Each structure stands twice: as C-alpha cells, then as structure tokens.
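Protein chains in written order, with the authors' numbering: chain J, 2 to 119; chain H, 2 to 119; chain L, 1 to 111; chain M, 1 to 111. The beta carbon of each residue, even a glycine, is placed where N, CA and C say it ideally should be. Below is one structure, written out as structure tokens, with a few remarks after it.
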Amino acid sequence: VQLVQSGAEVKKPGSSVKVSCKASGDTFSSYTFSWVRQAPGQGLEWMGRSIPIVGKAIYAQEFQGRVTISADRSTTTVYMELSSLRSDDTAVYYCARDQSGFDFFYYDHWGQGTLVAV
Amino acid sequence: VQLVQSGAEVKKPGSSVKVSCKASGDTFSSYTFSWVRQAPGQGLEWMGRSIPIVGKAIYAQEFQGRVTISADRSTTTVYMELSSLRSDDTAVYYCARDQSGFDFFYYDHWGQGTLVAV
Amino acid sequence: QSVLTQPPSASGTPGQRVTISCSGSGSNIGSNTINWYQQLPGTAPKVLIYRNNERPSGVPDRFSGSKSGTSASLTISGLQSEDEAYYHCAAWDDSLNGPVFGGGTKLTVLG
Amino acid sequence: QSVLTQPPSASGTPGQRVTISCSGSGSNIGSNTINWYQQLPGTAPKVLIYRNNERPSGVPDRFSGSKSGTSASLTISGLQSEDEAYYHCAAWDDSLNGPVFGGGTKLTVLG
C-alpha cells in the first residue's frame, strides 16, 4: 500500500478544500480510504468513510452535509471536499485503507496526510 | 390532568387508613394511579400499581399485603387501605398518572398528596 | 434505605453548574434508564429529565442528565432562585420487579 | 475536545514502563473495544494495538493493552528512544454511531 495523497494546502478561510487520496499497488474497488483529521492537541478526529462501489458514504454526526466524500474506480482515487473553512478547521487530513473484510471497517494504514492551515 | 387527594389524616398505630384520589376530565378506564409513599424531606418509595379494568394490581416487593387497592370506574376514584400501622408510616401518599401508552405504567403527574401521622 | 444512592444535601450559587450522582445496580441502572424528578418544597413532585435524553413538557433545556454503567448524574447549568428542590432517581428493577427510587438530594440556592 | 480523554504527555526513562490512560463511558469503552494508535513525529500513524489483545506481528511484546469497564490502560513498557510518539485511544461509539478518538499523549524519552 504505497498510499498516495495530495499536497499541503492553505487557501484561507471562506475558500475551498481539495484532498485527493490515490490508491496504489492494490485493488481500489475493494479498498476505500476513510478520512480522519487531527486537531492540534486534540488527537485524532473522525470525519467520514466512503464506499467506492455503489457510491454510498457516511459523514461525521458533528459535520454537516457540507463535507463531500466520493470515489473514482477508474482513477482509483478518493475525493474529499469540505465546504466549511474556519480557524478550527486547521488540521492534517489523513485517509487510511480500512483494515480488511472488503475494507470498509476501521483504520489501519494512514497516508502521508494533507496539512490544511485556515 | 388534575388529581385530587384527601386531606391530612391522623391515625392511631395498628389502625386502618382509607385514602382516595379522584380522576377529573379524563378517561379513568384508560388512566391509572400508581400510589407512591413520600416521607417529608426524604426519598420517594413505590407502593403499588393497579388497573381499573378487572382490578389486577401489584404491591410493594417488601410487603406481600399491608396495603389493599380498590378502584371505582363510576366515581373514577382509587382507594388505598393500609393495615398494621407503625410509627414509620408518618409520610405522604402521592398517587401518580401513568405517563402514556394507555396509562398503565411509568410516572408523569402526582396528586396534591395525603399527609398521614401515625 | 433507598437502593439508589443519592447524596442527602447539596448547595449551589446562582449561575453555576452542579452535578448530583445516584448509583444503583446493573439490573435497574445498567439495564434500564434512570428518571430524574424535581419537587419544590410543599408542592407535588414533577419530572425534570426522562429517558436521559429528553424533557416531558418543554422543560428548560439548560437541564441535563447522563447515565454510565450503574451511575447517573444530573447536570444543570443555570442555577436560579426557585431551583431549591428535592431531586430523585427512579428506575424499574427486575430483581424487585418494581420502580426503585433514590433517597432524594436537596439542591439549594446560596446567597 | 475529543470525547475520549488521555494525558497530554507522559515521560519516562529508557527501559522504564509508561502507562497511557483513556477514560470515558460504557457507551464506547464498555460496549466497544479500545484500541491504541501511535504516530511518530513527522510520520503517518501505524497500528499499535487493536481489540486490546492482538498486535500486527511486528509490535514487540512490551506493548500491551487492558480494558476495565469504562477505562483503558496501554502499558508501553521497555521504553526505548523511538517510543517518543503521539498515542491515541480509539473506539466505536454507539451514541455517535462512529469512530471516536482520544486526546493524544506525547511520549517523551528522558536522558
């Protein structure tokens, strides 16, 4: 699992969020990449999970519908966009293959991550 | 839902206490009063729970008898009789409507109360 | 005497948040929700928090309650003049097959 | 801000055993297993303990986890210079119906 992720981005508050997570060396149709952010000093913070097949997704109860997670099987990528952009958003966004059992359940291998400063 | 209980009762120890609370502006058949013991400035204590239909009732786990239930649907009234009075019986009777669900269980409201001195 | 162990008395100034804890057993608290009752002195008791997650009749949302294991805690953030009341825990018990009740905790308003 | 609470930073001498705590309620700790992740400073997090008992082969025996009711303790043990990392306790939460994580503890290697 090479785990490809986009670079660090600082577009400022009220702008946009871009987080592409590319699968590599594995089958993406059975491997998803759920998203976790780290608030400084607050540890890991769950934001959502994706299903490459069908297209179903689950978002954090705290987060609104503004967070948008989708998957592209042809390019084997997971696309995450957050409409909200505030000072609290500043975090490093990490997406991980979800373990095993067709890989939708619980985090094992996080990628390099994308530090977003807002 | 307004419940009207009897007034202050003073009774000699070892005697019998008759106390009733009335149903007003409601379906007495579909309402039940589960009597609750209440010592002044002290924790509540369940006595019994009855139903107007058939007349089935359940009493305190500690006391197999002690208190007898009766219910009259025509007068929409519930009567409680206590026997073998003791000094510990100086407390209040609060009745109680039974929340929802055809009003056979749980507690929602209470009658003004009936203070008894033994 | 009460199965549910409540403190006998408590104090609190207006405006602050205070918790009251009642503990019971796993058959009545760990297997059933607890119900918190409030009772102004000299008056009939009312219901403050029920099902641990809702208020029966639009009761001030500043009131709250939590349940964990065999323990429950009522937290109120917004102390006010007529908050002096007796607070009770109630829960069904399968071993006794009846509603077991707490010993009642008096919340007062300090000067 | 996280639901699960962890110490901010626990330090110990090399060779010594260090305990990291994770406290919560029975909804996520009592009802669901506790797991411990570690991330080295500047590196992606790697699994340390999952389901409180099994480890992913490479992990040495020093790292162990214990769960008691609503509390969890990870005894890292055998402190080495590379122990310095952020430690996060994680569990499924039924109230939130999702993964929840701890506040994170910064292990420090003393001289």
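The Cβ atoms of residue 24(M) and residue 70(M) lie closer than 9 angstroms to each other. Taking CB atoms only, residue 26(M) has a neighbour in chain L less than 9 angstroms away. The C-beta of residue 70(M) comes closer than 9 angstroms to at least one C-beta of chain L. The alpha-carbon of residue 101(H) is positioned some 23 angstroms away from that of residue 81(H). Think of a sphere of 7 angstroms around the beta carbon of residue 111(J): the chain M residues whose beta carbon falls inside it are 44 and 45, in chain order.
Annotation for residue 39(M): the continuous beta strand (DSSP E) segment containing it runs 35-39.
Contact of residue 103(M) with chain J by beta-carbon distance below 8 angstroms involves 42, 43 and 44. Between the segment 81-96 of chain J and the segment 32-52 of chain J there are three or more C-beta pairs closer than 8 angstroms, enough to call the two in contact. If you look at residue 18(J), you'll find it isn't in any beta strand (DSSP E); DSSP assigns it neither H nor E. With 16 or more neighbouring CB atoms inside 10 Å of its own CB, residue 39(L) falls in the buried class. Residue 21(M) carries a strand assignment under DSSP once its states are collapsed to helix, strand and coil.
The alpha-carbon separation between residue 8(H) and residue 70(H) amounts to approximately 19 angstroms.
Remark: C-beta atoms of residue 5(M) and residue 65(M) do not approach each other more closely than 9 angstroms. Under the DSSP definition of a beta bridge, residue 36(H) lacks any partner. Taken atom to atom, the span from the alpha-carbon of residue 105(J) to that of residue 87(M) is near 23 angstroms. Using a Cβ-Cβ cut-off of 9 angstroms, residue 66(L) counts as an interface residue toward chain M, since at least one Cβ of chain M sits closer than that to its own. Looking at the backbone, the Cα of residue 83(M) and that of residue 57(J) are separated by about 39 angstroms. The beta-bridge partner set that DSSP reports for residue 82(H) consists of 19(H) and 69(H).
One thing to note: residue 18(J) has its Cβ no nearer than 9 angstroms to the Cβ of residue 116(J).
In the three-state reduction of the DSSP assignment, residue 59(J) falls in the strand class, which pools E and B. In this model, residue 8(L) and residue 78(M) are separated by some 48 angstroms (Cα to Cα).
Under the three-state reduction of DSSP, residue 52(J) is assigned to coil, being neither helix nor strand. Against chain L, a Cβ distance below 7 angstroms from residue 30(M) picks out 69. Residue 10(M) sits close to residue 106(M), with the two beta carbons spaced by under 9 angstroms. Short of 7 angstroms from the beta carbon of residue 112(H), and not among the five residues preceding or following it, lie these beta carbons of its own chain, in chain order: 4, 5, 6, 22, 95 and 96. The beta carbons of residue 62(H) and residue 92(H) sit no closer together than 9 angstroms. About 11 angstroms separates the Cβ atoms of residue 100(L) and residue 35(L), ruling out a contact at the 8 angstroms cut-off. Here residue 110(M) is exposed. Its C-beta has fewer than 16 other C-beta atoms within 10 Å.
Residue-level contact by beta carbon holds for residue 39(H) and chain L, with a gap shorter than 9 angstroms. For a Cβ distance threshold of 7 angstroms, residue set 44 of chain L lies close to residue 114(H), ordered along the chain. The beta-carbon of residue 10(M) is placed no less than 9 angstroms from the nearest beta-carbon of chain J. Bounds of any beta strand (DSSP E) do not take in residue 111(H), whose DSSP letter is neither H nor E.
Taking residue 13(M) as the centre and dropping the five residues before and after it, the same chain places the C-beta of 79 and 110 closer than 7 angstroms to its C-beta, in chain order. Contacts between residue 100(M) and chain J, judged by CB atoms closer than 8 angstroms, involve 47 in chain order. For residue 86(L), the pairing in a beta bridge is given by DSSP as 39(L) and 106(L).
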